[PDB]
Every structure is written in structure tokens, then in C-alpha cells.
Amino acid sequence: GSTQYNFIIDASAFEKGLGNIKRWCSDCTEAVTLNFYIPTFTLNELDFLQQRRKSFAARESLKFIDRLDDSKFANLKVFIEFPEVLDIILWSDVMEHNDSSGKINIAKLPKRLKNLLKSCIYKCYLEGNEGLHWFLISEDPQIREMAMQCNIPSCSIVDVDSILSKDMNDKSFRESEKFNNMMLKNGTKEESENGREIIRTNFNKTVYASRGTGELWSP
């Protein structure tokens, strides 16, 4: 396909969302082009989880990354970071994108997280950009908070899965879109104290979601 997503994927995204990522690679590369960048942080953190925490999801993620790097798949690009790039990227280049008013003490972060920020800034703003728009995929709130402070756009696995369902135009996207427009039609829009988009609805008027057809597991 002609639409292209450019992602830097962290370790938590693999450990928690490996099944979702596998589906993106095999099914979604029809009308979408996926472009992954695997930083050194990811490989080191997945190795730590597999060895010190006996995480079988982290073991499977490392095996999957090897399969991605060995295959010449259509509409899927994967680049594993060369560790020596971390010594070339300036920490001052990361600090130029950091919000001073931000609550996180960026210079006091551990080595692993300092290097993850270097990888992100390299892709988002430096030589690794290639005229593309990059997003960090993470399932760790601390990682997403530090990325936001350094103007690195980030998303969750669910955020990407929803975006790729829209492009694929599957029944999951279409039926959720009907539900959204049903709420917009019957219900009052409000800006909550949190700043969020809330829709007041009547408790007594409920919309049920069509299930469609499908196969159930049987013993």
C-alpha cells in the first residue's frame, strides 16, 4: 500500500503486544507499509526480561525480531540499530528538544533511558529522519512521559492497532465508527474537568453492538 507508518518500538510494546505486532506484519502489510526501527534499548531490555525475569514473551519477541531481520517481506522494513550510533548522537541534541518546564529530570535518568531518548531524537529530528514522520510505540507510562517531554510523539499498541484497522477498513473499524456516530447523534458533548471529550447519555437508552459471524473454540 501507499500509506506508510514509521515506528521506533520499545521492549514493553513487544513483551505486552507481540501477538498484535505479528498480526500487523502478516495481515496489515496489504494496503499499509510498515517501517520499524529497533533501538539498542529494546534488544538489551528484552534480553534482561528473558534472562532475569524468565519472560517467555521477551524470549519470543527476540526470536520474532530475528525473523523480521532475516526475511525480505513486502511492505515491511525493519532496521536494527547499530550500538555505535549512541556514541555519535550528542546528548545536547536531546536537550535542545526537552521542555525545561517539564517535571522529569532528564539528565538524571538511568543509562538505558538516556540512550532510548538518543535513538528517538536521532529518528525524529536528526540524520535518521529521512524526511519521514516517526512515532515511538511503548506500553510503559514512564517511557511515554519522558518521550512527550522531549517532543517525541508516542502511541500505544492499541493506538496503532486501531489506526491499521481503519486503513484495512475491517468490520472492527466500521462497526466501532457506527457506534461513535450513534453517540454523537444521541448525546450531549461536554469538555470534562480533565479537558477530555465526554458525551452525556441517558442510562435508560442503550446501544448494543452487532457481533457479526465467527468461529468459537470448542473442546
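Start at 1 with the first residue shown and count on from there.
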property	result
Mean C-alpha temperature factor, higher of 128-136 and 91-99	91-99
Average Cα temperature factor in the PDB entry - higher stretch of 187-195, 156-164	187-195
Among modelled residues of the same chain, the CA temperature factor third for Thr33	middle
Entry-reported Cα temperature factor of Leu43, expressed as the chain third it lands in	middle
Entry-reported Cα temperature factor of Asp27, expressed as the chain third it lands in	middle
Chain-wide C-alpha B factor ranking for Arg174, given as lowest, middle or highest third	lowest
Modelled-residue ranking by C-alpha temperature factor, third containing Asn151	middle
